[PDB]
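All remarks here apply to the structure that follows.
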There are 2 protein chains.
Amino acid sequence: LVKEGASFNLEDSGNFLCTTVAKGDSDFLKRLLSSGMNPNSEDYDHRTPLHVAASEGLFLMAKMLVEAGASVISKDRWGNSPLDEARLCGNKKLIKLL
Amino acid sequence: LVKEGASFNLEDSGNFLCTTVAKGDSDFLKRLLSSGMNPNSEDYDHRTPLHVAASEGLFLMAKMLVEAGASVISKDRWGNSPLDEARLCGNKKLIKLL
């Protein structure tokens, strides 16, 4: 389906991507990556998925999100950078990856 | 379906609350909450639907949530209370309702 060229059509890119991040389905997320969806979508607002990634605790998918188009200084509607959540969680591996 | 007594009984209710608030469907969300679906539950990101309502600033559906049993005490993942979010919004009526 990616060889012919016909593309996907998200119902809500930001909402779906942040819901997938919150659910923490590694297989589903990597299959979405295999589909080639842009991880720049964050939420209906600008709530960065890296915030949820730091909240959960794991680091590999946070690195995957931030390394594909995502920005480390994204400002949500509140105005909070992912550095804020990274410091709040206290986990250092995600800090190094960011 | 209501007189049959059927509850929502879905794990995706939290996932759908945030999407409904984000979409802004007033009548649809009001009918959903008037049904067995319970607005008190948190979202995928442990987000209070009342907190997101305060962030958006829609007074009518926020009133519907607080009438249907949404708790101001329950907080978002960030730790901000829905009352704190209403204060951040700047709507005095929303603040007093919160």
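By convention in this document, the chains of the structure tokens carry letters A, B, ... by their order, each chain's residues are numbered from 1, and ligands are numbered from 1 in the order they are shown.
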- Based on DSSP run over this structure's backbone, return all residues of chain B in alpha helix (DSSP H), as a PyMOL selection string. chain B and resi 13-23+26-34+49-56+59-68+82-89+92-97
- By least-squares superposition of chain B on chain A, using all C-alpha atoms in order, what RMSD in Å to one decimal is obtained?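 So the superposition leaves a C-alpha RMSD of 1.8 Å.
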Contacts of residue 47 in chain A at 8 Å (only C-alpha atoms; same-chain gap of 2+ positions) as a PDB file with N, CA, C and O atoms, in the first residue's frame:
```pdb
ATOM      1  N   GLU A  42       0.677  16.646  17.664  1.00  0.00           N
ATOM      2  CA  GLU A  42       0.830  16.589  19.111  1.00  0.00           C
ATOM      3  C   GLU A  42      -0.488  16.345  19.826  1.00  0.00           C
ATOM      4  O   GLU A  42      -0.583  15.418  20.641  1.00  0.00           O
ATOM      5  N   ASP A  43      -1.504  17.145  19.541  1.00  0.00           N
ATOM      6  CA  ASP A  43      -2.815  17.050  20.176  1.00  0.00           C
ATOM      7  C   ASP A  43      -3.752  17.979  19.412  1.00  0.00           C
ATOM      8  O   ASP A  43      -3.373  18.562  18.389  1.00  0.00           O
ATOM      9  N   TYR A  44      -4.987  18.111  19.901  1.00  0.00           N
ATOM     10  CA  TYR A  44      -5.848  19.184  19.415  1.00  0.00           C
ATOM     11  C   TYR A  44      -5.229  20.541  19.716  1.00  0.00           C
ATOM     12  O   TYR A  44      -5.195  21.426  18.853  1.00  0.00           O
ATOM     13  N   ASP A  45      -4.729  20.717  20.932  1.00  0.00           N
ATOM     14  CA  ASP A  45      -3.849  21.823  21.265  1.00  0.00           C
ATOM     15  C   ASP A  45      -2.420  21.417  20.914  1.00  0.00           C
ATOM     16  O   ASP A  45      -2.189  20.433  20.209  1.00  0.00           O
ATOM     17  N   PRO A  49       3.512  15.222  22.598  1.00  0.00           N
ATOM     18  CA  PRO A  49       3.517  13.824  23.059  1.00  0.00           C
ATOM     19  C   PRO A  49       4.711  13.486  23.929  1.00  0.00           C
ATOM     20  O   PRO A  49       4.652  12.509  24.684  1.00  0.00           O
ATOM     21  N   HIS A  51       5.568  15.127  26.442  1.00  0.00           N
ATOM     22  CA  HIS A  51       5.078  15.293  27.808  1.00  0.00           C
ATOM     23  C   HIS A  51       4.532  13.977  28.347  1.00  0.00           C
ATOM     24  O   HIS A  51       4.891  13.542  29.449  1.00  0.00           O
ATOM     25  N   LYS A  75       5.751  24.615  22.428  1.00  0.00           N
ATOM     26  CA  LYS A  75       4.978  25.331  23.434  1.00  0.00           C
ATOM     27  C   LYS A  75       3.507  24.986  23.257  1.00  0.00           C
ATOM     28  O   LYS A  75       2.920  25.270  22.207  1.00  0.00           O
ATOM     29  N   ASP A  76       2.914  24.378  24.281  1.00  0.00           N
ATOM     30  CA  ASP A  76       1.502  24.037  24.244  1.00  0.00           C
ATOM     31  C   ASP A  76       0.653  25.283  24.490  1.00  0.00           C
ATOM     32  O   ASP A  76       1.159  26.403  24.604  1.00  0.00           O
ATOM     33  N   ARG A  77      -0.666  25.084  24.562  1.00  0.00           N
ATOM     34  CA  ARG A  77      -1.563  26.194  24.868  1.00  0.00           C
ATOM     35  C   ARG A  77      -1.259  26.791  26.235  1.00  0.00           C
ATOM     36  O   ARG A  77      -1.436  27.998  26.440  1.00  0.00           O
TER      37      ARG A  77
END
```
When you get a sec, could you note down which chain B residues fall within 10 Å of chain A, using only C-alpha atoms, as a PDB file with C-alpha atoms, in the first residue's frame?
```pdb
ATOM      1  CA  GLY B  14     -11.628   8.106  28.691  1.00  0.00           C
ATOM      2  CA  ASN B  15     -10.009   8.140  25.257  1.00  0.00           C
ATOM      3  CA  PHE B  16     -13.237   9.503  23.752  1.00  0.00           C
ATOM      4  CA  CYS B  18     -10.842  14.249  25.338  1.00  0.00           C
ATOM      5  CA  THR B  19     -11.629  13.822  21.640  1.00  0.00           C
ATOM      6  CA  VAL B  21     -14.126  18.041  24.163  1.00  0.00           C
ATOM      7  CA  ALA B  22     -11.472  18.819  21.538  1.00  0.00           C
ATOM      8  CA  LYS B  23     -13.945  18.535  18.654  1.00  0.00           C
ATOM      9  CA  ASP B  43      -8.858  10.925  29.671  1.00  0.00           C
ATOM     10  CA  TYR B  44      -6.067   8.867  28.099  1.00  0.00           C
ATOM     11  CA  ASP B  45      -3.461  11.252  29.545  1.00  0.00           C
ATOM     12  CA  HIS B  46      -5.161  11.320  32.975  1.00  0.00           C
ATOM     13  CA  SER B  55      -8.864  25.381  29.087  1.00  0.00           C
ATOM     14  CA  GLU B  56     -11.169  25.677  26.069  1.00  0.00           C
ATOM     15  CA  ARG B  77      -1.660  14.908  34.623  1.00  0.00           C
ATOM     16  CA  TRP B  78       0.110  18.272  34.919  1.00  0.00           C
ATOM     17  CA  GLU B  85      -7.411  25.957  34.659  1.00  0.00           C
ATOM     18  CA  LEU B  88      -5.900  30.586  33.945  1.00  0.00           C
ATOM     19  CA  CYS B  89      -8.639  30.976  31.321  1.00  0.00           C
TER      20      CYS B  89
END
```
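Counting only C-alpha atoms, range 26-29 of chain B has the following residues at most 10 Å away, ignoring those fewer than 4 positions along the same chain: residues 17, 20, 21, 33, 34, 35, 37, 39, 58, 60, 61, 62, 64 and 65 of chain B.
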- What does the distance between CA of residue 82 in chain A and CA of residue 94 in chain A come to in Å, to one decimal place?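 These atoms are spaced 10.5 Å apart.
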- For residue 36 in chain A, please output as an MDAnalysis selection string all residues within 12 Å (counting only C-alpha atoms; exclusion window: fewer than 2 positions along the same chain). chainID A and resid 1:3 5 7:8 29:34 38:40 68:69
Would you write out those residues with C-alpha atoms, as a CSV table (one decimal), in the first residue's frame?
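Written out: result.csv:
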```
chain,number,residue,atom,x,y,z
A,1,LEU,CA,0.0,0.0,0.0
A,2,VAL,CA,3.0,2.3,0.4
A,3,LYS,CA,4.5,1.0,-2.8
A,5,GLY,CA,1.5,5.6,-3.3
A,7,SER,CA,-1.9,7.5,1.5
A,8,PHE,CA,-3.7,7.4,4.8
A,29,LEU,CA,3.4,2.8,17.5
A,30,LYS,CA,6.2,1.1,15.5
A,31,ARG,CA,3.6,-0.1,12.9
A,32,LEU,CA,2.5,3.5,12.6
A,33,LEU,CA,6.1,4.4,12.0
A,34,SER,CA,6.3,1.7,9.4
A,38,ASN,CA,4.5,12.3,10.5
A,39,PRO,CA,4.9,12.4,14.3
A,40,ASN,CA,4.7,16.3,14.3
A,68,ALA,CA,11.2,12.5,13.6
A,69,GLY,CA,10.2,16.1,13.0
```
- Do you know which residues are at most 8 Å from residue 72 in chain A counting only C-alpha atoms, after dropping those on the same chain fewer than 6 positions away, and could you put them as a ChimeraX atom specification? /A:66,81-83,98
